[PDB]
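Colleague: sequence, then structure. It's an experimental one.
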Amino acid sequence: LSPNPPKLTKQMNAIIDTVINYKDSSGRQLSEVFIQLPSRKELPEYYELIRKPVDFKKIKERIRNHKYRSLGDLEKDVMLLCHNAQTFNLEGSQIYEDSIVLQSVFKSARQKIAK
Amino acid sequence: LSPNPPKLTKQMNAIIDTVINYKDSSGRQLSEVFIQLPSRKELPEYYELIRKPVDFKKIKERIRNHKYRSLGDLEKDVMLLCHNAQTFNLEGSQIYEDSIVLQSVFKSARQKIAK
Amino acid sequence: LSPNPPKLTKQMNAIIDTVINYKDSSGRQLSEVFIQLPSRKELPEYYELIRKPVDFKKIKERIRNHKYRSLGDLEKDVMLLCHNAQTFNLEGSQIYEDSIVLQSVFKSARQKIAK
Ligand SMILES: Oc1ccccc1-c1cc2c(nn1)NC[C@@H]1CNCCN21
Ligand SMILES: Oc1ccccc1-c1cc2c(nn1)NC[C@@H]1CNCCN21
Ligand SMILES: [Zn+2]
Ligand SMILES: [Zn+2]
Ligand SMILES: [Zn+2]
């Protein structure tokens, strides 16, 4: 469980980059509303219903500071992001929809760079 | 007797760049599964009944490393893939349809590219 | 009312150099064609159509001659570059698409250093 190689760090990023920077057919960068969560004092409901919240920043941070040991351990936090999103949003609502798409992007992006 | 110049580089790239990025009515890029083959370990059965397999990766290799003389060289690789993808996968099975869908997309991209 | 600290000037160049330096997934420097405008004699067109023409050399030249006052003054010009590309070049035409990409990189460079 000793120094996170640079090679592994080099992946996590580009993966989470591939994701963040993804722009759809119309060209809308889907990540926009996932980067920063909204405030407890803005959307208290979210933090009532979502027991273990998360956004992208807080995933990037955890990359930056070598918390994540394997690519597995990242997927989980990206997956929990979308789970959360889906859980809070109305099926067929643009928020709800993006999370899915992104979910896939990662899995292909991770595939395309990982084992 | 001679080299492979800008027209053969740009155009043969231009063609392929286009095809890859082609997305159906659902904006679903159909190149997806045709970029990187399954490993021989992954799906032995492919190679247990396909003579001379080929990826998408290898196409851009054959481009970057100047093996395709004319257009007629490229297409042969291109159409083959589909031939395989069709040969292997089942009629109606998404991949099959995609594989065909592609064939043509190239055909237009080649014909449209009139010098 | 006062000249530009080297702290600033060295940003303008970092930000712009990130931009210019940038290559796409493929490994393709998008900047390439924007670095220098075409000759008047070569694209008389561009000059008839584009009101205030600008490429990258001149921006550099305009950082060097302490001609940009804020980062605004810069981005203002940097976007004038992409507007002009998208004004002249047809939607979906490779160039066009690229220009948009760059607009983002620039903004992600700048939004990076504003922190
Ligand atoms: O589920 C998330 C995970 C990570 C980051 C953000 C969200 C998120 C943001 C949301 C929302 N739901 N989820 N509902 C509507 C609300 C409208 N205003 C923008 C903020 N937004
Ligand atoms: O819009 C621009 C902004 C800054 C620098 C260059 C351009 C630019 C270059 C162009 C073009 N359109 N725009 N049309 C295609 C043509 C292909 N041959 C070289 C010239 N090139
Ligand atoms: Zn570190
Ligand atoms: Zn070469
Ligand atoms: Zn000076």
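Modeller: Looks like it came in fine. Residues are numbered from 1 along each chain as shown, chains lettered A, B, ... in the order given. Ligands and ions are numbered 1, 2, ... in the order given.

Colleague: could you use CA atoms for every contact and neighbour count after this?
Modeller: Will do.

Colleague: got the contact list for residue A:86?
Modeller: For residue A:86, the contact set (CA atoms under 8 Å, 6 or more residues apart in numbering or on different chains) comprises A:95-96, A:99.

Colleague: again but with residue A:77, I slipped
Modeller: Shown in contact with residue A:77 (CA under 8 Å, 6+ apart): A:54, A:59.

Colleague: and the gap between it and ligand 1?
Modeller: Applying CA to the nearest ligand atom, to the nearest Å, the value for residue A:77 to ligand 1 is 11 Å.

Colleague: just the CA trace of the host helix or strand of that residue, in PDB.
Modeller: In this structure, residue A:77 sits in helix A:71-88 according to DSSP states H and E. Below are the C-alpha coordinates for helix A:71-88, written out as PDB (Å, rounded to 0.1, in the frame of the first residue of the first chain):
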ATOM      1  CA  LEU A  71      -8.700   2.100 -10.300                       C
ATOM      2  CA  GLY A  72     -11.400   0.000  -8.800                       C
ATOM      3  CA  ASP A  73     -11.400   2.300  -5.700                       C
ATOM      4  CA  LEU A  74     -12.000   5.300  -8.100                       C
ATOM      5  CA  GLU A  75     -14.900   3.700 -10.200                       C
ATOM      6  CA  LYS A  76     -16.700   3.200  -6.800                       C
ATOM      7  CA  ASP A  77     -16.600   6.900  -6.000                       C
ATOM      8  CA  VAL A  78     -17.600   7.800  -9.700                       C
ATOM      9  CA  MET A  79     -20.300   5.100  -9.600                       C
ATOM     10  CA  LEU A  80     -21.600   6.400  -6.100                       C
ATOM     11  CA  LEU A  81     -21.700   9.900  -7.700                       C
ATOM     12  CA  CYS A  82     -24.100   8.700 -10.500                       C
ATOM     13  CA  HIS A  83     -26.100   6.400  -8.000                       C
ATOM     14  CA  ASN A  84     -26.500   9.500  -5.900                       C
ATOM     15  CA  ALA A  85     -27.500  11.700  -8.900                       C
ATOM     16  CA  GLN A  86     -30.000   9.100 -10.200                       C
ATOM     17  CA  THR A  87     -31.400   8.600  -6.600                       C
ATOM     18  CA  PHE A  88     -32.100  12.400  -6.300                       C
END
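
Colleague: buried residues, it. List them.
Modeller: A:74-75, A:77-86 (16 or more other CA atoms under 10 Å in any protein chain shown).

Colleague: can you show me the CA trace of the following helix or strand past that helix as CSV?
Modeller: As assigned by DSSP H and E, the chain's next helix or strand after helix A:71-88 is helix A:94-113. Once non-C-alpha atoms are left out, helix A:94-113 reads as follows in CSV (Å, rounded to 0.1, in the frame of the first residue of the first chain):
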residue,chain,number,x,y,z
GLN,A,94,-31.6,15.9,-18.0
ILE,A,95,-29.5,15.6,-14.8
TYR,A,96,-30.7,11.9,-14.2
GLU,A,97,-29.9,11.1,-18.0
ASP,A,98,-26.3,12.6,-18.0
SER,A,99,-25.1,10.5,-15.0
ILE,A,100,-25.8,7.3,-17.0
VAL,A,101,-24.0,8.5,-20.1
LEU,A,102,-21.0,9.6,-18.0
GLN,A,103,-21.1,6.2,-16.1
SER,A,104,-20.5,4.6,-19.5
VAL,A,105,-17.8,7.1,-20.7
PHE,A,106,-15.7,6.2,-17.6
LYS,A,107,-16.1,2.4,-18.1
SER,A,108,-15.0,2.8,-21.8
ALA,A,109,-12.4,5.4,-20.8
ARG,A,110,-11.1,3.2,-18.0
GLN,A,111,-11.3,0.2,-20.4
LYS,A,112,-9.4,2.2,-23.2
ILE,A,113,-6.5,3.0,-20.7
